[PDB]
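Peer 1: experimental structure and sequence below.
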Amino acid sequence: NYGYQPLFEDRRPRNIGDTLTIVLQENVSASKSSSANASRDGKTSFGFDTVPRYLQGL
Amino acid sequence: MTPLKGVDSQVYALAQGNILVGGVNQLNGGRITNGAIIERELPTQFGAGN
């Protein structure tokens, strides 16, 4: 003799020892990224090609 | 021949016979007189105690 069993309810596991099907469908995906940058240029110049006489002292 | 189960899914009676439909009236439902025979008995505690 087994216990009371419902009629219209689905067959769910209810006690220790009942079986149940697992459908393994796992799909995980993670990601990350980053960056950084910096820059600097400089260029100076000056040239007195032909100096007049009254400025030759400087 | 049809077995009649309880709520514990055990056979308590066996049913077989001719159906009597009224013949508005219901056509998809009938009743059979003395159509089942008891096969299992239930225990009881009648007669025990005061």
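Peer 2: Nice, I can see it. Numbering: from 1, shown residues only, chains lettered A, B, ... in the order given.

Peer 1: distance of the residue nearest to the spatial centre of chain A relative to residue A:38?
Peer 2: The residue lying closest to the centre of chain A (CA atoms, centre = their mean) is residue A:32, at 1.9 Å. Distance, residue A:32 to residue A:38, using CB to CB, to the nearest Å: 22 Å. Placement of C-beta: from N, CA and C, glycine included.

Peer 1: for the residue nearest the centre of chain B, which non-adjacent residue is closest in space?
Peer 2: Closest residue to the average C-alpha location of chain B: residue B:36 at 5.2 Å, with CA atoms, centre = their mean. Spatially, and ignoring its direct neighbours in sequence, residue B:36 is nearest to residue B:15 (4.0 Å; CB to CB, 6 or more residues apart in numbering or on different chains).

Peer 1: could you measure from the one you found over to chain A?
Peer 2: Distance of residue B:15 to chain A, computed by CB to the nearest CB, to the nearest Å: 18 Å.

Peer 1: what sits against that residue?
Peer 2: B:1, B:2, B:3, B:4, B:32, B:35, B:36, B:37 (CB atoms under 8 Å, 6 or more residues apart in numbering or on different chains).

Peer 1: quickly list what it is bridged to.
Peer 2: As for beta bridges, residue B:15 partners with residue B:2, residue B:36 under DSSP bridges.

Peer 1: quick check, nearest of the contacts of residue B:15 to chain A?
Peer 2: For the contacts of residue B:15, the residue nearest chain A by CB to the nearest CB is residue B:4; the value is 13.7 Å.

Peer 1: doesn't that closest one belong to a helix?
Peer 2: No. Residue B:4 sits outside any helix when classified using DSSP: H, G, I helix; E, B strand; the rest coil, being strand.

Peer 1: contacts only, for residue B:38.
Peer 2: B:12, B:13 are the contacts of residue B:38 under CB under 8 Å, 6+ apart.
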